[PDB]
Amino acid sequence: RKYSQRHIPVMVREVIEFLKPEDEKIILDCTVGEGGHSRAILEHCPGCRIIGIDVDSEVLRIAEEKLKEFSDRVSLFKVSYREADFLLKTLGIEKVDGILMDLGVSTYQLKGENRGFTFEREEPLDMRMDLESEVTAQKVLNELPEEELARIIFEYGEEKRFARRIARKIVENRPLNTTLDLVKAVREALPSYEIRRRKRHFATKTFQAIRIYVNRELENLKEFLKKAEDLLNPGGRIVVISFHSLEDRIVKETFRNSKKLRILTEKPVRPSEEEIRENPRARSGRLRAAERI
C-alpha cells in the first residue's frame, strides 16, 4: 500500500485561490469524485452553489454522504463533463462562474473498488471509472493489436523507449487476468538496472496508459477544453489539475491559444514538498488556471 487511506483533495489551497469561490458564484466541479474539493469550496463560501458530476456512480455515493451538510447548495449528477453543457441547460443554467477539473483517480477508486487501477494488490483488470461502459482493461490487454498497445503505452504511458517491448511482453503473457499479470509483463520488459533506476514503481506508466485508454481521458479532455470557455460568465475562472505531461501541455496550449481566456498560470503550480509525501495522489500534479475575458 502506497496511497494514503484517507482521501485528501489535491492542492486545495491553490484551487480556492484560483477559483475564487465567493458571494453567490455557481461552480461546476467536472470531476467531483468523493467530494473533496467541492466540500472545501462549500466550507469556504457559504453562498456558492455547486453542480458536481462524475461518471463513477460509486464515488458519487460517497460524495453525496460527505457533502450531506451542504445538500441544499450542491447537486450531484452522473454524466461525463463532455455533456456538462446540456446538463446545465436542463437545470436552467446557461453559464457558470467557475469550472474545476481534477484529472486523477480517487482514493476509493484506487483502494476500494477492486477494479485494478493500481497494483498494491491482486485485482481484476477492469479499470473502468464508469462500470456501465463495455471496454475493460482486460479486454484491451488481451485483444488489441500489438501495434496499438505499443502506441498506447508510448503516447499515454510516456514510455518513450520501452513501449514496444512492454507491448510485446503483454502479448506474450496473454491471457492476462489480474493486476499481477500486468505487473509481470512490464517486469519482463524492463532490465533490472532500469527498474532500479526509476523513482516510481516500474509498472506505474503502463497502468496509467491502459487506464487513460479505457476511460478516453485524453480525448474527453481535449474535446471539453475546446468549448469550456463558452460556459463561463465574464470574469469566470477555470482551474485544471493534471497528473500527466501530455494533459498539462494540452491545457496550457488551450488556455494560451484561446482568444476568450487569459491564462493566469504561465508556469504550472505544483504541490508543496509536504503535500506529496502526505498525499501520494498529488504526485505529478500540475495546476493551471485561466479567466474568461
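Numbering starts at 1 and runs along the sequence shown.
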>> Tell me which stretch has the larger mean Cα B-factor in this entry, 19-27 or 276-284.
In response: 276-284
>> Quick check on the record: does 58-66 or 231-239 carry the larger mean Cα temperature factor?
In response: 231-239
>> In terms of recorded Cα temperature factor, pick the maximum from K184, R128, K78, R198.
In response: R198
> Taking the Cα B-factors listed in the entry, which of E147, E172, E123, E132 comes out highest?
Replying inline: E132
> When the modelled residues of the chain are sorted by Cα temperature factor, does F119 land in the lowest, middle or highest third?
Replying inline: highest
> For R211, does the deposited CA B-factor place it in the lowest, middle or highest third of the chain?
Replying inline: lowest
> According to the PDB entry, is the CA B factor of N142 in the bottom, middle or top third of its chain, that is, lowest, middle or highest?
Replying inline: middle
>> Please say which third, lowest, middle or highest, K111 falls into when its CA temperature factor is compared across its chain.
In response: highest
>> What third of the chain does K252 rank in for C-alpha temperature factor, lowest, middle or highest?
In response: highest
